[PDB]
2 protein chains.
Amino acid sequence: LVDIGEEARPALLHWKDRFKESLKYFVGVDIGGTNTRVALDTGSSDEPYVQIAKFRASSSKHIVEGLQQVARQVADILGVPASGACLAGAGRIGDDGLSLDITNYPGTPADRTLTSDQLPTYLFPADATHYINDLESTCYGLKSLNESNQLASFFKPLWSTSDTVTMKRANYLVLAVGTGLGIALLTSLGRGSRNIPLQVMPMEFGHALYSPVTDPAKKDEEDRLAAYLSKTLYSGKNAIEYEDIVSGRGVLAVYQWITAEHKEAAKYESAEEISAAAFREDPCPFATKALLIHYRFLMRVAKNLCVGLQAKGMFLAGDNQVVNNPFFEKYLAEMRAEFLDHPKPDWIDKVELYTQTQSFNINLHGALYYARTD
Amino acid sequence: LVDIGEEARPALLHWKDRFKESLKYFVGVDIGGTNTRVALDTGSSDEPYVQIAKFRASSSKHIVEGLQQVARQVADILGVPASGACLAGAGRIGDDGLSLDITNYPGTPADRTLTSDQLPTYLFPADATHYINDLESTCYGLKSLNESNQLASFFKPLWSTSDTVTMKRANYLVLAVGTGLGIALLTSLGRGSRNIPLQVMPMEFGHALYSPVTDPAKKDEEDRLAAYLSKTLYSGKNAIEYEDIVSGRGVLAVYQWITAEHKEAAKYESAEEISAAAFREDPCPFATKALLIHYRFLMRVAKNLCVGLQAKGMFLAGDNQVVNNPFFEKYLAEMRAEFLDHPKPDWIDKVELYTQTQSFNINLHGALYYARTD
Ligand SMILES: OC[C@H]1O[C@@H](O)[C@H](O)[C@@H](O)[C@@H]1O
Ligand SMILES: OC[C@H]1O[C@@H](O)[C@H](O)[C@@H](O)[C@@H]1O
Ligand SMILES: OC[C@H]1O[C@@H](O)[C@H](O)[C@@H](O)[C@@H]1O
Ligand SMILES: OC[C@H]1O[C@@H](O)[C@H](O)[C@@H](O)[C@@H]1O
């Protein structure tokens, strides 16, 4: 059901030609919402890494069965087991890096959990395989791009005193929106003599409870929407998480609430469709409004984390952000107004904001970096 | 007007006669909410460190003038300048560790800011003096206590599968309430071969905007309190920060709001008075209600940070906590119910909770630890 592309084979064959008995390679896996991607990397930068598989998977069983097939196909080409491996995924990581609890999968906690118990040894060696979180891997991919001097080819500034994106020794939030709200922290700890290169801190602030607004022009609408989602999602028992709005499903729910009272309102069934409705030459204000509330709440969590974590900058990552940039930039004043809506605006009015400018699987990029520097 | 303690002069003379010319010592300063404390430390455990001064100060001028007087008195006794120094205070630290902006002092940011060049060289050597944040210093004091096997002498468990307080390779929140809401993270980054001993991450989440509750019995009263404090503090421009409730001034503001309609209610003028009346309960326990709301909001921000930062434990520190422990324990069930009032209680219902059991300037302890290990 899963097959290694005939486009990747010549590169892998070339690796044997070149490295002969000394061949060693690392495995990276990116478990996306819809597709899981596998790439191999020799670890010398004069040989580009090679994406070997992309297959649809939405359950631990699918993911693991696919990885088993890919492993058998690599065994018939490279003929030597991988020397290390890293898998990135949308969930919490066990203390030892040997498990991943995929937060928004259906099923029991057992159903959502990937371990290395069923991973094929050929690609995932016993003592050198680790799971990491997806925004955690985004941070490693940013570190890798920056060490290769290519970061500015993939990110541009929206708020900055400079026209090019550079990473300093400072705290940076990294955010991406898809099946969930992903947020991680690139952090510089220690001052002066104690300073350490940027470390990656995975986080789960997508699931923190939301913060309200008192701006009268918005309080009424948000109060009604929050009450409506608490009702429909939790039967009133809890307030919403940021992720209940800042996600694919949240975009759908906000739009449905916006159009709850209009039968003739264009029905859509995915954030992708609602976004496309907001991006077309004459968009319907319902779609426009849903996306604005979505992004308002992304700016709301970002503003509180920038205060709390003393971030100097923010990266908006993800291929969907590339698609959404014209809309986000068209309403950047609305974004910035929400971001500065805080009793201490001087604490954050210099925080920089960078956005991804071309599609690129930075999660896979981070997974390979992790595996080969481990 | 600022004198070195008489009890301390013989201890310093003992160092002079013992180490003579080779005398090497470090300086710790704790800028507390009322008093600033100075201690000297040889760095070797065979000499207990010596607290040499405690003086009242509430502005940068008082602090610097007091430190100048202390430096002169040390110079006359010891005749050797300090080899390193560390100052802890309630605010943001400059990137180089050479400044501190005390958040809740009045005036301009310059009025609030201490730098390292205002400091007398005798106790604060060039290239070996740093400011750190107060809750950052609490963490360094916890690490020191942990390394000296004394952690359980100052903290007891409230939520734990164990009866002795330990610090493992995991994330811990550290919290203390006074002039402000202080929170810091002891973090262990890296899984597997990448794990690093606990690092300290200062934070400013006391100034993040609050989260509401939907528990219907509490929502109405909280909405009125939040709306009233937003009108009062910010003329309704913004929602309140956690610190607007979780602080000394917060305790006062909540108690005044609660008793607005009660002309005969006791007119307490300090959070300390209110806290006292809260446990020795008045026949109409308005003070009990204000302190319950205060701690509820402390639990709410802790709840969201335990989710977001994946904390495994929490330390409630500070001399205020020692005094309020009987109240806090009496209402621990209310505390836990707020903490677990989240759509994902399984994520945090194993989080451990420790409280400080005796008064101890852990901040000063951490500053000395920072100075002698830098
Ligand atoms: O699954 C990861 C992503 O891969 C992309 O190629 C697909 O178009 C998306 O639907 C998917 O979310
Ligand atoms: O995929 C983005 C984020 O979604 C959240 O729901 C998960 O809990 C996170 O671990 C993940 O980083
Ligand atoms: O200033 C730090 C602390 O010093 C103690 O001696 C006082 O009891 C407190 O009121 C004060 O906050
Ligand atoms: O003192 C507790 C806390 O008060 C806050 O208002 C300050 O901004 C923090 O830096 C400090 O840690």
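Each chain gets a letter, A, B and so on, in the order its sequence line appears, and its residues count up from 1.
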Novice: What I want to find out is whether B:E204 reaches B:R92 closely enough, with some N-O distance under 4.0 Å, to be called a salt bridge.
Specialist: no
Novice: Quick check: do A:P212 and B:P212 have side-chain heavy atoms less than 4.5 Å from each other?
Specialist: yes
Novice: If you look at every heavy atom in A:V165 and A:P157, which pair is closest and at what distance?
Specialist: CG2-N, 3.7 Å
Novice: Does any part of the side chain of B:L175, heavy atoms only, come nearer than 4.5 Å to the side chain of B:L298, both counted from C-beta?
Specialist: yes
Novice: Quick one: closest heavy-atom pair of B:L189 and A:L189, and the distance?
Specialist: CD1-CD1, 4.4 Å
Novice: Quickly, which of A:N363, A:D41, A:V27, A:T373 forms a side chain to side chain contact (heavy atoms under 4.5 Å, CB included) with A:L368? Name it, please.
Specialist: A:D41
Novice: Would you compute the distance between atom CG of A:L305 and atom CE of B:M203 and round it to the nearest 0.5 angstrom?
Specialist: 10.5 Å
Novice: Could you measure the distance from the CG atom of B:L186 to the OH atom of B:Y172? Nearest 0.5 Å is fine.
Specialist: 9.0 Å
Novice: Counting distance only, does the side-chain N/O of A:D134 pair as donor-acceptor with the main-chain N or O of A:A88 below 3.5 Å?
Specialist: no
Novice: Any side-chain donor paired with an acceptor under 3.5 Å for A:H365 and A:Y49?
Specialist: yes
Novice: Is the shortest side-chain heavy-atom distance between A:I132 and A:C86 below 4.5 Å?
Specialist: yes
Novice: Give a yes or no on whether the backbone of B:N238 and the side-chain of A:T214 come within a donor-acceptor separation of less than 3.5 Å.
Specialist: yes
Novice: If I compare all heavy atoms of A:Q356 with all of A:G318, which pair ends up nearest, and what's the gap?
Specialist: OE1-N, 2.9 Å
Novice: Using a 3.5 Å distance criterion without hydrogens, assess whether the side chain of B:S137 forms a donor-acceptor pair with backbone atoms of B:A367.
Specialist: yes
Novice: Could you check whether the rings of A:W159 and A:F339 sit parallel, tilted or perpendicular, using 30° and 60° as the cut-offs?
Specialist: tilted
Novice: With ring centroids as reference points, do B:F315 and B:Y354 lie under 6.0 angstrom apart?
Specialist: yes
Novice: Which is it for A:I183 and A:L135 under the side-chain contact (heavy atoms from CB on, under 4.5 Å) test, yes or no, and what are the steps along the way?
Specialist: CA-CA 6 Å; A:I183 314 186; A:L135 266 291; 5.8 Å; no
Novice: Measuring from atom CG of A:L114 to atom CG of A:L87, what distance do you get when rounded to the nearest 0.5 angstrom?
Specialist: 8.0 Å
Novice: Does the ring of A:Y210 carry A:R296 above it, NZ/CZ under 6.0 angstrom from centre and within 45° of its axis?
Specialist: no
Novice: Is any side-chain heavy atom of A:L185 less than 4.5 Å from a side-chain heavy atom of B:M201?
Specialist: yes
Novice: Set out, in order, the CA-CA distance, both residues' side-chain angles and the distance that settles side-chain contact (heavy atoms from CB on, under 4.5 Å) for A:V307 and A:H342, then state yes or no.
Specialist: CA-CA 9 Å; A:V307 167; A:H342 189 281; 3.8 Å; yes
Novice: Taking NZ, NE, NH1 and NH2 as the nitrogens, is one of them in B:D341 or B:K303 under 4.0 Å from a carboxylate oxygen of the other?
Specialist: no
Novice: Testing the basics here: between A:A302 and A:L173, what is the closest heavy-atom pair and its distance to 0.1 Å?
Specialist: O-CD1, 3.9 Å
Novice: Between B:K168 and B:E352 (salt bridge meaning N to carboxylate O under 4.0 Å), is one present in this structure?
Specialist: no
Novice: Output the distance between atom CG (A:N35) and atom CG (A:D30), rounded to the nearest 0.5 Å.
Specialist: 9.5 Å
Novice: Can you run down the ring-ring contact (aromatic ring centres under 6.0 Å, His included) pairs that involve residues 176-208 of chain A, sequence neighbours left out, and say none if there aren't any?
Specialist: A:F205-B:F205, A:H207-B:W347
Novice: Indicate the atoms forming the closest heavy-atom contact of B:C306 with B:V351, along with that distance.
Specialist: SG-CG1, 3.9 Å
Novice: Enter the distance from A:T113:OG1 to A:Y131:OH here, rounded to the nearest 0.5 Å.
Specialist: 10.0 Å
Novice: Check whether A:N304 reaches the backbone of A:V301 with its side chain - one donor and one acceptor, N or O, closer than 3.5 Å.
Specialist: no
Novice: For B:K143 and B:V200, what are the C-alpha separation, side-chain angles and deciding distance, and is it a side-chain contact (heavy atoms from CB on, under 4.5 Å)?
Specialist: CA-CA 10 Å; B:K143 290 169 62 68; B:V200 180; 4.1 Å; yes
Novice: How about A:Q321 and A:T355: do any of their side-chain heavy atoms sit closer than 4.5 Å?
Specialist: yes
Novice: I'd like to know if the side chain of B:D374 and the backbone of B:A371 have a donor-acceptor N/O pair within less than 3.5 Å.
Specialist: no
Novice: Answer yes or no: is there a donor N or O on one side and an acceptor on the other, between the side chain of A:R37 and the main chain of A:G28, under 3.5 Å?
Specialist: no
Novice: Could you check if a side-chain atom of A:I240 sits within less than 4.5 angstrom of a side-chain atom of A:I245, using non-hydrogen atoms only?
Specialist: yes
Novice: Find the distance between CG (B:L181) and OH (B:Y242) and round it off to the nearest 0.5 Å.
Specialist: 9.5 Å
Novice: Determine the minimum heavy-atom distance between A:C139 and A:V174, stating which atoms define it.
Specialist: SG-CG2, 3.7 Å
Novice: Examine the side chains of B:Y369 and B:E147 and answer whether a donor and an acceptor come within less than 3.5 Å of each other.
Specialist: yes
Novice: Below 4.0 angstrom, N of the basic side chain to O of the carboxylate: do B:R191 and A:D96 qualify?
Specialist: no
Novice: Indicate yes or no: at least one non-hydrogen side-chain atom of B:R112 is less than 4.5 angstrom from one of B:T103.
Specialist: no
Novice: Do the side chains of A:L100 and A:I31 get nearer than 4.5 Å, heavy atoms only?
Specialist: yes
Novice: Would a distance-only check, ignoring hydrogens and angles, find a side-chain to backbone donor-acceptor pair under 3.5 Å from A:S160 to A:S162?
Specialist: yes
Novice: Is the backbone N or O of B:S188 less than 3.5 Å from a side-chain atom of B:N171, with the two atoms forming a donor-acceptor pair by type?
Specialist: yes
Novice: Heavy-atom count around B:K344 NZ within 6.0 Å, excluding the residue itself: above 12?
Specialist: yes
Novice: With a 4.0 Å cut-off on N to O distance, would you call A:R300 and A:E338 a salt bridge?
Specialist: yes
Novice: Could you check, using the six-membered ring where one of them is a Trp, whether A:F360 and A:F154 have ring centers closer than 6.0 angstrom?
Specialist: yes
Novice: Decide yes or no on side-chain contact (heavy atoms from CB on, under 4.5 Å) for A:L142 and A:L151, but give the supporting numbers first.
Specialist: CA-CA 7 Å; A:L142 292 176; A:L151 184 71; 3.8 Å; yes
Novice: For A:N104 and A:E243, test the side chains for any donor-to-acceptor distance below 3.5 angstrom and give the result as yes or no.
Specialist: yes
